[PDB]
Every structure is written in structure tokens, then in C-alpha cells.
Amino acid sequence: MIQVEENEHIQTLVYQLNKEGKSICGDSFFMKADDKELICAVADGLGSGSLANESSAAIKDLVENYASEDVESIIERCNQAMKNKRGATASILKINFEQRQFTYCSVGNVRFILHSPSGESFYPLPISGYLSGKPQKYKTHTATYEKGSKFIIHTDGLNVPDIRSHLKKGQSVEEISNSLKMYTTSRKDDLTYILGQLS
Ligand SMILES: [Mn+2]
């Protein structure tokens, strides 16, 4: 499944495909942009299939509902919703277009890479563990991006040697998605990614 959106400030593409032979995806995403701001999130539920879905889907619902809050507030709501559930790894990104500012908070193995034209990348290491409902000491990143920046957020189902290169070479989110096609054919796990190109 592919979903594309565009406004004056960003173009985005969401890709998701289930693990081969699996009916119920354990990954979830949420994406909304208006003329002023973006929120997006990607999550991978612990366990698999349905119960994994309950955890990642709870994340998607809370990010939509609480989108106006700061990323760390949103992720803590997500953490509290994981008590008595499988848990999930998750990443939450907000962008203010006028300021060209992003804010990012994550726990687990959902990765975020933002490539700058100038050749700077923001590519944080994964935070160990997962959102379980037990206490967390979150790290929030706040930074300015430059016009032309391109990013991806992806679950562990996408395994790529050099993601930065795909972001650098692509001229659009469709092109970057197509550039990644070889990594999508095996379907060894659920695979979700969100691409963005920022004006
Ligand atoms: Mn996974």
C-alpha cells in the first residue's frame, strides 16, 4: 500500500506491506500535514499480527488525537497505553514549516534519517528497549532543517546498507521509494516507511 500527499511545504509517501503470508500487520503509522505543520509517527508492535496491531494501533490513535502536544508528551501517553499490552517500538516527528523546525522523540528500533543538501545528516542511534508502560527517560531532539532536506522513518522490516545514499540521490519521494524497491521484495517482516521532501 502506498499513500502520497503534497502541499507547498512538503511532499510525503507512506509505504506499508505485510510480512509474506500474514493477514494482520503489526506495524502502524499516522501522517497529517496542514499548511502550517506535520505530525507523523511509525510504530512496530511487539509480538506479531493482531496483538502487535493492538499496540501499534493504539499509538496511531494517540498521535492523531494528541497531535498538538509536544512529542515527548505524546510519546508518554503512548507509553501509558502500553501497560497490559505487548508494547511497541515507535518514533514521533513534528515539523513546523514556517520555522523549518522539527522535533523528534523515539524509543526502540524505528529509525529516522534526515539528509540535508549540505551533506549533514541527522541519524540518531536507536534507543534500547520499547514502550512498555514502565518509566522512560525520553530524549527529544529539536533542530532546524534547510530547504531541500529529505527524510525517512522506517520500521525494522526495511534493511538497507546505506539509506543516506538513497535520500541524497532521489529527487522526489516517489523516486526515493522506487530506489528502495529491492529491499521490499522478500517480505521477511512487516515493512513500513514514511518519506518526506521538505521545501
Ligand atoms: Mn518489525
Side-chain angles (χ1 to χ4, degrees), residues 1-16 27-44 56-82 88-108 110-118 120-124 126-127 131 136 138-155 158 163-164 166-168 170-177 192-199:
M1 178 284 197
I2 295 181
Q3 181 184 348
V4 294
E5 298 293 346
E6 183 167 356
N7 71 12
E8 295 163 291
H9 303 294
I10 199 177
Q11 67 169 212
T12 61
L13 182 154
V14 180
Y15 176 104
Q16 185 172 85
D27 290 356
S28 303
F29 64 85
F30 183 73
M31 167 60 68
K32 183 197 287 186
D34 68 15
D35 298 326
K36 294 171 60 170
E37 65 191 334
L38 181 80
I39 190 160
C40 68
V42 177
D44 183 351
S56 64
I59 297 179
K60 173 192 59 174
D61 193 67
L62 286 164
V63 168
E64 177 175 20
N65 199 248
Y66 294 105
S68 70
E69 297 187 357
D70 63 284
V71 294
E72 194 161 322
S73 182
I74 300 173
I75 207 171
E76 171 58 13
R77 294 183 181 272
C78 292
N79 193 42
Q80 290 192 40
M82 300 299 99
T89 63
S91 299
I92 303 179
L93 176 64
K94 284 171 61 77
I95 310 178
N96 181 283
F97 304 129
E98 188 268 335
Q99 295 188 8
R100 294 197 175 86
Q101 190 172 251
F102 73 88
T103 49
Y104 180 72
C105 188
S106 177
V107 176
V110 179
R111 304 308 295 276
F112 173 48
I113 305 90
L114 183 145
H115 173 78
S116 184
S118 64
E120 169 182 296
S121 61
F122 179 57
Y123 195 166
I127 298 286
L131 299 176
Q136 286 284 167
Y138 299 112
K139 165 62 180 185
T140 297
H141 187 79
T142 304
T144 302
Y145 67 89
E146 296 195 281
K147 63 170 173 295
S149 296
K150 291 165 278 173
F151 69 83
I152 189 173
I153 302 168
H154 69 82
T155 65
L158 182 65
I163 191 62
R164 283 178 176 161
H166 293 267
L167 295 176
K168 174 170 179 172
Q171 298 188 83
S172 68
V173 295
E174 174 173 309
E175 290 163 292
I176 297 162
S177 184
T192 306
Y193 59 80
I194 301 180
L195 290 168
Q197 174 175 228
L198 289 158
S199 304

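For reference, positions follow the sequence shown, starting with 1. All values below come from the heavy atoms of this structure, side chains included, with hydrogens, waters and symmetry mates left out.
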Given the rule in the side-chain contact (heavy atoms from CB on, under 4.5 Å) test, do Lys60 and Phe29 qualify, once you have shown the distances and angles that lead to the verdict?
CA-CA 6 Å; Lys60 173 192 59 174; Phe29 64 85; over 6 Å; no
List the steps, then state whether side chain to side chain donor-acceptor pair (under 3.5 Å) holds for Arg100 with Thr144.
CA-CA 6 Å; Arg100 294 197 175 86; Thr144 302; over 6 Å; no
Report the C-alpha separation of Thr12 and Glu5 in whole Å, then their side-chain angles, then the decisive distance to 0.1 Å, and conclude whether the side chain to side chain donor-acceptor pair (under 3.5 Å) test is met.
CA-CA 5 Å; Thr12 61; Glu5 298 293 346; over 6 Å; no
Check the pair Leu93 / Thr103 against side-chain contact (heavy atoms from CB on, under 4.5 Å), numbers first and verdict last.
CA-CA 6 Å; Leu93 176 64; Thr103 49; over 6 Å; no
Derivation and outcome, side-chain contact (heavy atoms from CB on, under 4.5 Å), residues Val71 and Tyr138
CA-CA 10 Å; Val71 294; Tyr138 299 112; over 6 Å; no
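Between the side chains of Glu175 and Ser172, at least one donor-acceptor pair of N or O atoms lies under 3.5 Å. No hydrogens or angles considered: nothing links the side chains of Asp44 and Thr155 as a donor-acceptor pair under 3.5 Å.
Side chain of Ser28 to main chain of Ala43: no donor-acceptor pair is present (N/O by atom type, distance under 3.5 Å, no hydrogens or angles). A distance-only check finds no donor-acceptor pair linking the side chain of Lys94 to the backbone of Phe102 [under 3.5 Å]. Although no hydrogens or angles enter the test, the distance criterion places no donor-acceptor pair under 3.5 Å between the side chain of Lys147 and the main chain of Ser199. Under the 3.5 Å distance criterion, the side-chain polar atoms of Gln11 are matched with a main-chain donor or acceptor of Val173. Counting only distance, with no hydrogens or angles, the side chain of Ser91 and the backbone of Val110 share a donor-acceptor pair below 3.5 Å. No donor-acceptor pair under 3.5 Å is formed between the side chain of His141 and the backbone N or O of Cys105.
Counting heavy atoms from C-beta on, the side chains of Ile92 and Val63 come closer than 4.5 Å. Counting heavy atoms from C-beta outward, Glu37 and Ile95 have side chains that stay 4.5 Å or more apart. Within the 4.5 Å cutoff, no side-chain heavy atoms of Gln197 are placed close to those of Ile10. Between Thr140 and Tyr104, every side-chain heavy-atom pair lies at or beyond the 4.5 Å cut-off. When side chains are defined from C-beta on, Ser106 does not count as touching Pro124, because their heavy atoms never get closer than 4.5 Å. Looking at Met31 and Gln3, their side chains never come closer than 4.5 Å, going by heavy atoms from C-beta outward. By the 4.5 Å heavy-atom criterion applied to side chains, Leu13 and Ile2 are counted as neighbours.
For the atom pair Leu195 CG and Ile153 CD1, the distance stands at 9.5 Å (nearest 0.5 Å). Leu114 contributes atom CG, which lies 6.5 Å from atom CG of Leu198 (distance to the nearest 0.5 angstrom). A distance of 5.0 Å separates CG of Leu131 from CD1 of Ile59, quoted to the nearest 0.5 Å. Interatomic distance, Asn96 CG to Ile39 CD1, rounded to the nearest 0.5 Å: 12.5 Å. A distance of 11.5 Å separates CD1 in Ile152 from OH in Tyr15, rounded to the nearest 0.5 Å. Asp70 contributes atom CG, which lies 9.0 Å from atom OG1 of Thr142 (distance to the nearest 0.5 angstrom).
Minimum heavy-atom separation, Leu62 to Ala81: CD1-CB, 3.7 Å. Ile194 and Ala41 make their closest contact through CD1-O, 4.0 Å (heavy atoms, listed as atom of the first residue, atom of the second, distance). Nearest heavy atom pair, residue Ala33 against residue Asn7, reads CB-ND2, 4.1 Å. The two residues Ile176 and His166 make their nearest non-hydrogen contact at CG1-O, 3.8 Å. Across all non-hydrogen atoms, the minimal contact from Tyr145 to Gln101 is CE2-N, 3.7 Å.
Checked against a 6.0 Å centroid threshold, the rings of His115 and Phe151 do not count as neighbours. Side-chain rings of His154 and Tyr193 stay apart, their centers remaining 6.0 Å or farther from each other.
A salt bridge links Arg77 with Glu69: the distance from a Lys NZ or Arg NE/NH1/NH2 to an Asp or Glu carboxylate oxygen falls below 4.0 Å.
Ring geometry, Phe122 versus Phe112: the interplanar angle exceeds 60°, so the pair is classed perpendicular (tilted spans 30 to 60°).
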